[PDB]
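Q: experimental structure and sequence below.
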Amino acid sequence: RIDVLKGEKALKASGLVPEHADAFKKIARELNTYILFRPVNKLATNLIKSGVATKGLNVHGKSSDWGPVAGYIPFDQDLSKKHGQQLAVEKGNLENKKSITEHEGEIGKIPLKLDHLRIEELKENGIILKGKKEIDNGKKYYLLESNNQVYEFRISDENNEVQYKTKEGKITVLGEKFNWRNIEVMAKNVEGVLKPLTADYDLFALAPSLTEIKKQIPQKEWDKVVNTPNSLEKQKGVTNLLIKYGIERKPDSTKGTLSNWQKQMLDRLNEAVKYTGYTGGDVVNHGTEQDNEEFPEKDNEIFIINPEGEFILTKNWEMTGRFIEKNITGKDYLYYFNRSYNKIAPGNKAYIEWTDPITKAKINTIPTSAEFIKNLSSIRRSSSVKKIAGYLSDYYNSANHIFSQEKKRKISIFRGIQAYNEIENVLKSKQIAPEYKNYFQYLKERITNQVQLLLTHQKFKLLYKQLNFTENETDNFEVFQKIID
Amino acid sequence: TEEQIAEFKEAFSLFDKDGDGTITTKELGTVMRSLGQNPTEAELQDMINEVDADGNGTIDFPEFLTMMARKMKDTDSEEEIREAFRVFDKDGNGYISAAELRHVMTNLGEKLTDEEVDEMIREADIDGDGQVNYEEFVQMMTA
Ligand SMILES: Nc1ccccc1C(=O)O[C@H]1C[C@H](n2cnc3c(N)ncnc32)O[C@@H]1COP(=O)(O)OP(=O)(O)OP(=O)(O)O
Ligand SMILES: [Ca+2]
Ligand SMILES: [Ca+2]
Ligand SMILES: [Yb+3]
């Protein structure tokens, strides 16, 4: 039992327009596939609903969540939800400065207009209140107050454009001060006209039922492998199909890095809402977060629509991961987690941890050859026997499937003590680099658990006393044989 | 990558009684397989029989660092495979077991006898633990 939200209380906390989250129940059931959404600027919802164009992947400026421009995407990112923090509010504008130039015509910026209706929507959410009047050179302006200290806003009566200025005393994060100027919002081009942009529905992860994937594979290419005499070239061709048709994703022009079932599943979604009336075009413009490896975000609350049309909402990462473990990845669905999760993402240097089973075991399996070498590679970032690399290339000898388990265990357990040996004398020679000395004290340990494991599976150092380091051939092997009995 | 290109160069110096990274094709295979490969005596010929027309029959880094600079393309799937493995490991113990392989299969369309399955685990098992760990699941899908 895990403390998550459900139904209404969950949807509310999400941000998705209700009509939309409902329209999504359908597709979640129709394709038996879990839909997982990232948060959504709550001040964006009413905008999305009224039909504002959500922002594609070519726009990276953050949406505001306060002040009159709440919900939209301020050009002066200091009005965005990242208000107050520099490197962020700064790396923000640069991004806007680019969307405006490198996409000249496709994306622009325009004045903010708060029509009579929206104003109310804000007076409700308690974001801004229309205050006293003011006249500036024959122009009627009504002030708009907010609980913010740095800036002061107001709105025009003629065209409804909003303006902001720094309040006598304060200074912008970037260190500025200015007087009355239009608040500019990021716009997109549609039929020659510029239309404002709001948040968009960012997908956390999409995980369909393994069967649902089958439908993807062509009942022709399937049989070809499904009907292979041998068994090995079979598994390979089988798995490889899961890879090629369900697991693999490639970079697309404007949808970022996604796969194909994703492109469809994606498209269906945008259409699904167009049926309810969302006239702003698409509402899901890019692939899922798990494929975002350069700027990974770790959100506390994740929204989950399960293949049964139900609503959930993980209370926090630890839990988000708990839910994905018990209902998706351990229940026969297609799921993969971002490749940068236990690494330092390059883009934003994030370090998002996630439970990776392949590593849990790492300690109890002996290293392949690459892992060894490639570890002598990333090992020489701080800072002669190729036998250990061979013995390691011997252990995982594909040409091992002709022997019997009983056999396998033996030659391997031996191939281990054989590799664990040629390692002992390397250490018995020069402490080369203090850190290399560790890597091996480590392998020696991994080698143990593995060897020992194979023995207890069937019958450690104890046996390491009685054996031939000394000459070299099969003679050394011969003594071994008997020992195990 | 910078690291990749920093690896082919690493192992390359593990066996060269020449010193100047000047090895031989007699040991080129010993380098490609130790670093994760299984080429044939033929694949060594045609390839080396284009860039190395020197007649010497020796190899260095700049040379080798460019040959792999081709093969190492469609093979880089490493990722997909690793993600794939995790798909099978339904219990998350780090190893793929029969019971598990059964699901991945039946749910994919191909039903299998508790016999045929236990066969796939065994033909794929390389160390006898009666289970396949990534290291293994890799060979089985590479070599
Ligand atoms: N460029 C910089 C400035 C600030 C932060 C990051 C970066 C930025 O470039 O990196 C971006 C790219 C990345 N992303 C999301 N889905 C993706 C998909 N699968 N494929 C690729 N990338 C995806 O997410 C970052 C922003 O995503 P977004 O979806 O444009 O806005 P969002 O996070 O929803 O802002 P908000 O709506 O709250 O105002
Ligand atoms: Ca398993
Ligand atoms: Ca095994
Ligand atoms: Yb987005």
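A: Done, it's in. Numbering: from 1, shown residues only, chains lettered A, B, ... in the order given. Ligands and ions are numbered 1, 2, ... in the order given.
Q: and stretch A:412-428, how far out from the chain middle?
A: Distance of stretch A:412-428 from the chain centroid (Cα atoms, centre = their mean, to the nearest Å) equals 40 Å.
Q: same question for stretch A:383-399.
A: Worked out by Cα atoms, centre = their mean, stretch A:383-399 lies 35 Å from the chain centre.
Q: kindly report the same for stretch A:276-284.
A: Using Cα atoms, centre = their mean, the distance between the centre of stretch A:276-284 and that of its chain works out at 25 Å.
Q: report the buried residues of that stretch.
A: A:278, A:280-284 (16 or more other Cβ atoms under 10 Å in any protein chain shown). In this view, the C-beta of every residue, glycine as well, is placed from N, C-alpha and C.
Q: measure that stretch end to end?
A: 15 Å (Cα to Cα, to the nearest Å).
Q: looking at the buried residues of stretch A:276-284, point me to the pair that's furthest apart.
A: A:280 and A:284 (12.0 Å; Cβ to Cβ).
Q: overlap in contacts of the two?
A: residue A:54 (Cβ atoms under 8 Å, 6 or more residues apart in numbering or on different chains).
Q: what's the burial count for residue 125?
A: Using chain A. When neighbours are counted by other Cβ atoms under 10 Å in any protein chain shown, residue A:125 registers 13.
Q: right idea, wrong chain: chain B
A: Neighbours of residue B:125 using other Cβ under 10 Å come to 21.
Q: was I right about it contacting residue B:133?
A: No - contact criterion Cβ atoms under 8 Å: residue B:125 and residue B:133 do not qualify, at 9.5 Å.
Q: now do the end-to-end distance for stretch A:27-47.
A: 24 Å.
Q: give the buried residues for it.
A: Counting neighbours by 16+ other Cβ under 10 Å, stretch A:27-47 gives A:27-28, A:31, A:33-47 as buried.
Q: just checking, which of the residues you listed belong to strands?
A: A:33-37 (DSSP state E).
Q: okay if I get these as a markdown table plus distance to chain B?
A: Below are those laid out as a markdown table (distance: Cβ to the nearest Cβ, whole Å):
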| residue | distance to chain B |
| --- | --- |
| A:33 | 14 |
| A:34 | 15 |
| A:35 | 19 |
| A:36 | 17 |
| A:37 | 22 |
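Q: which residues touch the helix or strand residue B:29 falls within?
A: Element membership for residue B:29 (DSSP states H and E) is helix B:28-32. Here helix B:28-32 makes contact (Cβ under 8 Å, 6+ apart) with A:386, B:11-12, B:14-15, B:23, B:39, B:41, B:44, B:48, B:59, B:64, B:68.
Q: if we go to 10 Å?
A: A:386, A:389-390, A:393, B:8, B:11-12, B:14-16, B:23-25, B:37-41, B:43-44, B:47-48, B:59, B:64, B:67-68, B:71 (Cβ atoms under 10 Å, 6 or more residues apart in numbering or on different chains).
Q: how far away is whichever residue of chain B sits closest to chain A from residue A:117?
A: Chain A sits closest to residue B:94 of chain B, with a gap of 2.8 Å, by Cβ to the nearest Cβ. Distance of residue B:94 to residue A:117, computed by Cβ to Cβ, to the nearest Å: 57 Å.
Q: what ranges does the stretch 351-485 of chain A have for its strands?
A: Shown for the stretch 351-485 of chain A, no strands are assigned by DSSP state E, counting those that start in this stretch.
Q: which bits of it sit near ligand 4?
A: Residues of the stretch 351-485 of chain A found near ligand 4 (Cβ under 5 Å from the ion): none.
Q: OK, contacts around the residue of the stretch 351-485 of chain A found nearest ligand 4?
A: Nearest residue of the stretch 351-485 of chain A to ligand 4: residue A:352, at 18.3 Å (Cβ to the ion). Residue A:352 makes contacts with A:296-298, A:317, A:337-338, A:340-345, as judged by Cβ under 10 Å, 6+ apart.
Q: filter these by proximity to chain B?
A: residue A:337 (Cβ under 10 Å from any Cβ of the partner chain).
Q: would you write a ChimeraX line that selects the buried entries of the contacts of residue A:352?
A: This is the ChimeraX syntax for the buried subset of the contacts of residue A:352, where burial follows 16+ other Cβ under 10 Å:
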select /A:296,317,337,338,340,341,345
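Q: the nearest residue to residue A:107 once chain neighbours are set aside: helix or strand, and which one exactly?
A: Distances taken as Cβ to Cβ, 6 or more residues apart in numbering or on different chains place residue A:99 nearest to residue A:107, at 4.7 Å, with adjacent residues excluded. Under the criterion DSSP H and E, the helix or strand holding residue A:99 is helix A:86-101.
Q: burial count for the closest residue to residue A:59 other than its chain neighbours?
A: Leaving aside its chain neighbours, residue A:59 sits nearest to residue A:99 (5.1 Å; criterion: Cβ to Cβ, 6+ apart). Neighbour count for residue A:99, taken as other Cβ under 10 Å: 24.
Q: wait, doesn't residue A:99 sit right on residue A:60?
A: Yes - counting by Cβ atoms under 10 Å, residue A:99 does reach residue A:60; the two are 7.0 Å apart.
Q: mind listing the shared neighbours of these two?
A: Contacts common to residue A:99 and residue A:60, judged by Cβ under 10 Å, 6+ apart, are A:73, A:186.
Q: spatially central residue in chain B, please.
A: In chain B, the residue lying closest to the centroid (Cα atoms, centre = their mean) is residue B:36, at 4.4 Å.
Q: give the contact list for that one.
A: Residue B:36 makes contact with A:368-371, A:373-374, A:393, B:7, B:11, B:72, B:75, B:78, B:138-139, B:142-143, according to Cβ under 10 Å, 6+ apart.
Q: check residue B:70 too.
A: residue B:47.
Q: ok so residue A:194 is a strand residue?
A: Yes - membership of residue A:194 in a strand is supported by DSSP: H, G, I helix; E, B strand; the rest coil.
Q: three-state assignment of the residue lying closest to it once chain neighbours are set aside?
A: Distance criterion Cβ to Cβ, 6+ apart; nearest residue to residue A:194, sequence neighbours excluded, is residue A:187 at 4.0 Å. Using three-state DSSP, the three-state assignment for residue A:187 comes out as strand.
Q: and the residue of the stretch 201-350 of chain A nearest ligand 4?
A: Counting by Cβ to the ion, the stretch 201-350 of chain A gets nearest ligand 4 through residue A:202, at 4.7 Å.
Q: next: chain B.
A: Closest point on chain B to ligand 4, by Cβ to the ion, is residue B:83, at 23.5 Å.
Q: what's around that residue, how many residues?
A: Based on other Cβ under 10 Å, the number of other residues close to residue B:83 is 22.
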